[PDB]
Amino acid sequence: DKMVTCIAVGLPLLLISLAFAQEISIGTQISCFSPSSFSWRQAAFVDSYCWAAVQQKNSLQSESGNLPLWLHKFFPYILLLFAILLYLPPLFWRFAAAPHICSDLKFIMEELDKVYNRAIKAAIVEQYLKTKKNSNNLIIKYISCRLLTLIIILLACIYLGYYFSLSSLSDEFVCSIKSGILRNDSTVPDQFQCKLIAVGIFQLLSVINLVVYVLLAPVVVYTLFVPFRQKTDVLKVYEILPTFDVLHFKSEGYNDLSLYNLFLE
Amino acid sequence: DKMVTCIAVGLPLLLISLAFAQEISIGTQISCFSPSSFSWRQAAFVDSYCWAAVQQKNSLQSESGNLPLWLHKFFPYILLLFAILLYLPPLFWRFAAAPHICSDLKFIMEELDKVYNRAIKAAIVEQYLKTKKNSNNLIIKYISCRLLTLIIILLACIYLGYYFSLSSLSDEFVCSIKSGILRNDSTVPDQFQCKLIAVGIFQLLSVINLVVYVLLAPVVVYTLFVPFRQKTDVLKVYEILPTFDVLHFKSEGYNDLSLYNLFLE
Amino acid sequence: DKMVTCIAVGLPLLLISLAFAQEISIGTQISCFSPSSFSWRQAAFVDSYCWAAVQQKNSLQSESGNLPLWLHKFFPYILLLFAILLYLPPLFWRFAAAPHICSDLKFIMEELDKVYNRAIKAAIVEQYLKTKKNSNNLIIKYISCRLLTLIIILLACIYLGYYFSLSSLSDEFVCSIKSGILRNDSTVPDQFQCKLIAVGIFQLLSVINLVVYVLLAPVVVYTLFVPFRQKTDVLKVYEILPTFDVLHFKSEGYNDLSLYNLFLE
Amino acid sequence: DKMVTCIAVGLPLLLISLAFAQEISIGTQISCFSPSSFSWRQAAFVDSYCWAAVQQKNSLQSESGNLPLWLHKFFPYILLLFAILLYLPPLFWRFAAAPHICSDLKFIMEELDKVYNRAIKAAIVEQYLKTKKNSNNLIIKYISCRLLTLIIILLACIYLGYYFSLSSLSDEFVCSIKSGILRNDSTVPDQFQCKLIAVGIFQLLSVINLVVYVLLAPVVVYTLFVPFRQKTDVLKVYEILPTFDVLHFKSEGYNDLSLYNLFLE
Amino acid sequence: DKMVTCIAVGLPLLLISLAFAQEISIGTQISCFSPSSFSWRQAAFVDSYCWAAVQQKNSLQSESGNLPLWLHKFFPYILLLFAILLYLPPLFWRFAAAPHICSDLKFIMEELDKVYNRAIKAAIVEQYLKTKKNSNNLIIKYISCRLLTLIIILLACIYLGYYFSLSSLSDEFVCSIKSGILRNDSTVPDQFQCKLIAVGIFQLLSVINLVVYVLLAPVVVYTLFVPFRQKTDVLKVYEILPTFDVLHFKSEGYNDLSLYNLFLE
Amino acid sequence: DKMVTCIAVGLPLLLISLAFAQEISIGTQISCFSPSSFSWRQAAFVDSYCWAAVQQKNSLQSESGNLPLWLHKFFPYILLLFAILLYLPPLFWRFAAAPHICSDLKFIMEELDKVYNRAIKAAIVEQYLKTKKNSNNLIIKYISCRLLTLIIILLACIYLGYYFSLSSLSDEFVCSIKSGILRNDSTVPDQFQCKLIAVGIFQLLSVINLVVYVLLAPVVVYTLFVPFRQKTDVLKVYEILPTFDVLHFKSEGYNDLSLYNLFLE
Amino acid sequence: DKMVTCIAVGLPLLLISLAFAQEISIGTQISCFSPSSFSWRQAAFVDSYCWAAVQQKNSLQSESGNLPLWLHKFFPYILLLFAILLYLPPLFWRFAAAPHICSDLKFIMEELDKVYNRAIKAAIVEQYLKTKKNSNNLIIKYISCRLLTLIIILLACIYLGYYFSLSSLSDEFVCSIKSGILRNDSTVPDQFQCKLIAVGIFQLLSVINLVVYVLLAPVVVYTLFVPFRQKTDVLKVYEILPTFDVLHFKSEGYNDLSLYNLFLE
């Protein structure tokens, strides 16, 4: 549990703290080039016009190549989704298996105090491996979120891995008010070479979250390999090995593991 | 309870966190095109004038087609309503059935310790199925909110499903101060091609809440199908099957379900 | 209690959350039309002048018809009053009847454990209906707030019902600085067709609170009808029926209502 | 206690919530009429000059009649004083009589369990009226704050009652920089017809707090009339009647008042 | 304790709430008269220049009379000092005498239960006045803060009493940039009749805190007069009378003072 | 402990509250003299340029004398360091001696209840002075922070004592953009007599923290003088006298010090 | 534990408080030199353009020498990383060894109460050194983070040590809009000698965090030297000496270390 909950608590909390670190350094959102003192409010109009008309013109206006790319407006907006989608398998395990694993904890704790009163009588345990001898496909419904956590983290490395080769010239784009000319065909200049403020802190943030998840994907791969090195195959681990390390979850007793020191002599 | 409370807690909390994610990225609300440096305050006057006169002119001024459409001013305002209307059936069940289901929990817990002291005597339960043999239309008054939660989520998919085909050209609209000409008929230009700032984050938010509710409406449909696969029809499930899974609600005991392991041998 | 406290907790909390939803979308408060770049501060002076001189000129300056109507300056200001006036009858019942109803709860709980020890002896209750046989006009002093809650909710539907037919042209009004001409009679233009920013979110908020209270006034009317269908008239319900449903208030016991299951066989 | 603490808790909390309702709708504080684009900062200078020179010129500059009236700068500032001066008699009673009334509560609770063990023996109280037969002028030191709460509420109705007849033309006042002419006698215009922004929400707030206190002053007058209708004069109520209703303060027991039901038969 | 802690808690809390009441109504800090549209930033430069050069020119530039008077820049800054200096003697008594007075409370409570078990035996106390017969100059180290609280409150009435006769014309002062002329001797006007914004709420705050402390200094004088009217001089009160009223500090018992009612008969 | 923790809690809290009192009255940070309406943004550019180029030019540009003095940019920045460096010896004693002094407290409390049960037997203690007869250089590792607190407070009086004689003319300094001339040698004026806003509240804050620490340095000197007047030299105080006053730390008992009253007779 | 947790708690908390001390004194982020009143919004456009185009031009535009150096945009951004990377080894030890060291604490506490009941019998312990005689490479997996904390702190002194010799002239850089000329080749000036606002508080913050870590790196080196001076080599310390000082972790008893005082006589 603890090596799983370490990642499953610290990593979306890391990503939401990093999203807030983005959110402090916002300032404004976009700047456009107003044509040399024609007003103040017309400049903010053109700026908000082009920041609203990024997604809208499906034709070619930036001549960038695959220019319908939605121009990375949404990194707090995407990172919120990715943090809560990594947060949902802990919520699923904590709201659909924690009473059942608490009953399993009560079972193994009455089993260990049964061993304790067997040692008290030394001044039945033999059946409890047979109590967990059945099929029990139900703990494989718990193991599926451990693969489902690898699913979102793998595509995040493909999502942010798209963000590097995007960011050559996907920031300075050319925008217009063509329907503004369509009113009068008289006055306003056509194109304004605007530019987003965001990639100065966004592009060098796709170093960090990418290199964190790539250097942690084998740690989540390693979550499905302790069931291989303790005499049982993945078809046969069904109840023991997803409880055997979970025997170390809450606490122990004065002789839960000191018998090994006692049986040593 | 738990598969119901999972959705009924996480989903309006999702929608209110997404409403706050909208509320951080507001900035301003609308920009209008002031006619080339005639003042500063007259520009904000025209801008607030047209943002106040969206709903008012019932005649044709945008030439958009069904242009009395109220121009999506209200998405935090609508989403607040939809979050609290999804929040109200949990409030109704928690304030009108939780003492009665707590009495049901006390009844089934004294029933299970009656089974426990029957096992203690092995070192009356036979009547308790007959205690719940009556009509009891009262739990069908609890099942109605499970349909009433499907009611609001279904129309939300029709509400946001309206929002896509709306958003072709329901953003750039044309506005005027015609009563301003009616003062003097002298000076001010007539029409100003204003534009809302909102749909750049609103329209690509009607992807998310739509696709979440469509991929969760069969999960709320599935809330009325566990009463079909356990030997009783929906006319006959009245008390057992809305308590049978609710037997797994708070906790269990050392032998509430370990008898199956004991009766196995 | 619970069907009463459901409304009496959730509805003024709804109205104060909706007042805060108004308070987020304020922006500015009013815009006026400054005459074409005569200053910046004179524009804000004229704007604050007319937003301060709404109530003051009792003569006809808007030519609107019943134009001394105070021009809806006060909807957070009125809604705060209406929320706290709906909050005061719960405060009155909780600070003037909750120790007495706690003594009533202690009386009925010693009555039910008297029934319990009567069942223990089966291995005086007959007097307790006569303990509550008197006049007791004092619980009618508790029933008066249930009518007093209907009083404020009924006039709120007449208050907001006034707000629809008001809002035809009670927003664009004409204002002046006539005493400003009285200084010099030289320079300033006379009238400025100002306009409030508020009714774009205020008028379509008098849909919501109106239709909520109209669809909840029969629910508060229904609070005085359970005392009619249980063999006693409103002159004779004095103590039983305002305690009979209040017997279901805190909790019950293992045999407070399981005797009906026991007496069934 | 409870009918006293109802007012003494809810009413200064009402006035401080209403002061904060003023504090949200502030905006700016005063506007002055800058003479037609002479600068921006000189306009704010003149505005802050006249908002600082309201109290200073003791001679006649507004020609309003009793124009040294300090021009209602201070309504959050005065209302804070009036709220804390209504808050101080509850603080005085809670910090100078609550241990002594807790000892009185301990005395009457050991008196009622003395009655309880007298009823247990039925399977000395006769002295306790003589324990409270003395003079005890000390509870009259508690009754003085009930008159001292009427003192501040009465003058508040004279304070706000002054505010109506003030507000005819005590808002638009005329101000100058005469010492500014005394530098050069050259350039600046003399008088500026400024105007406070405050009375649009201040004057129609002296409806509310006035009509609340006038419709609650007989409720505080009624706090000194229950000691008249229970066989003792105000010279003779000294200990019984300011404890007799305070017998209903914390709670009761199973037979603190059920003896009346028992003695009925 | 309680009549001391009433003042010692409520009065610096009053002064810090009044300091925050100042802190809400700040707005800006000073306005200066920019010479008729020479820039915007030069106006704020001159304004911040003169608000920084108030204390600096020790020569005569205001021609006010004793014009090195530092021009009351510091009333939140001074009032913070005066609040914490009135807060420090409660901190000193609570951190240097509260365990010793808790031991004194434990001593007098075992003394009163010794009287209680003497009354139980009626079905040694005679030595305890001799236990407190010594010199004990140590409680005079507690009485010194009661004089030290009078020290700061007395000079505060001389500090704020200086503030009235100051405020005739200590607000409008004349300031320059003479070193600015020393650059070029060409362009900038010399003197600017600036004015502080502060005394409109500062001077009529030296009514309030002055008249509060003057009407409370005899209440702190009265703190050293109860030791005179109970048979002992101030040389002989050393332990009894600073504990005799402190016998009424925490609570009492069922017969701590009801013996007087018992010995009455 | 208590006379030490009084200073060690109240004094860095005083300095951080005074740093926040600085932080409220910031406003802007520096003003520069823009040459008579050449733009707005060039003025803020020059102002931020010179506030960034204070430390950079190591040559003579202010002609002030020892003008590389870094111009007191850092008083919240320095005061934060000095507050946390005075906060660190309490952290060191609380995280490296509080369990050991809690064991010492447990030892002296079992010693005092050993004296208590000796008095109970009157109806071994003689060894406990020999238990603390050894060398114990380890409490001298606790006494070193009491000298290390005097170290930082002494240099603070030399740090702020430098700040007075600095502040003659270390505020108005002359700055330029010489590399700006190096672009064109055409347009911009060379020098701008800027001035910091800070010393109006900074210089008259080096009165307060200086005079507080000078009037408290003998109080920290007095922390190493109680070990001289109780029969042992500083070489011999090792365990008794840094525990003897620490015997008065948590509490006492009914006869921890009342034996002196008992042995008096 | 405590000398380790002192640094491991206080030092990243120091660095994050110092990062927030940076975050309060931000103001703006960069200023550029707009060419003499050509607009307002074009100035902010050029400023945001060059603050976005710092990293982008990989060719020579600053002529600084190794000018692709990314120009220290990221000191809250880097310091957040360094604080959480110093925070992660405490998280690793607290989530992967604290239950095992709690079992070790339970083992040594039952060992000390075994010594206690041996002393009670004086009115088996001999095996417990042999219980910890094995290899136990597992505590060397705890000692690796103590080296891994030295890893990040060592490179931080090389990271900030790079920052001094960088900051000669890595602040004033030259930037252009060359693609802006490529539109028209007509109007805009080419180069703008902009300058970062950050190094006035950033460069003299690389004094502090550098000199803190250099004066604390031997304290973390000293964390691996107590295992050398207590008779065992680093190959043989495996369990005793990383538990021997951890015997002083939670608390002790009345005779856990008072036996040394008892065995002294």
# chains A, B, ... in the order shown; residues from 1 in each chain; ligands from 1
>>> interface_residues(of="chain G", to="chain F", cutoff="7 Å", atoms="only C-alpha atoms", output="PyMOL selection string")
chain G and resi 2+31-34+36-37+197+200+251-252+254+261
>>> select_by_dssp(residues="stretch 27-206 of chain A", states="alpha helix (DSSP H)", output="MDAnalysis selection string")
chainID A and resid 41:52 75:96 98:121 128:131 140:166 178:184 199:202
>>> residues_around(residues="residue A:172", least_positions_apart="2", cutoff="8 Å", atoms="only C-alpha atoms", output="list in words")
residues 169, 170, 174, 193, 194, 195 and 196 of chain A
>>> write_last_selection(atoms="C-alpha atoms", output="short mmCIF file (atom, residue, chain, number, x, y, z; two decimals), in the first residue's frame")
data_model
loop_
_atom_site.label_atom_id
_atom_site.label_comp_id
_atom_site.auth_asym_id
_atom_site.auth_seq_id
_atom_site.Cartn_x
_atom_site.Cartn_y
_atom_site.Cartn_z
CA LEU A 169 6.92 28.46 -34.18
CA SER A 170 3.46 27.60 -32.79
CA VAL A 174 -0.97 36.03 -37.42
CA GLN A 193 1.35 39.65 -35.51
CA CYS A 194 0.22 38.74 -32.02
CA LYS A 195 1.99 36.31 -29.71
CA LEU A 196 1.09 34.27 -26.65
#
>>> atom_distance(atom1="atom CA of residue G:112", atom2="atom CA of residue G:256")
7.0 Å
>>> atom_distance(atom1="atom CA of residue C:19", atom2="atom CA of residue C:79")
6.9 Å
>>> residues_around(residues="residue G:212", least_positions_apart="6", cutoff="10 Å", atoms="only C-alpha atoms", output="PyMOL selection string")
chain G and resi 11+157+206
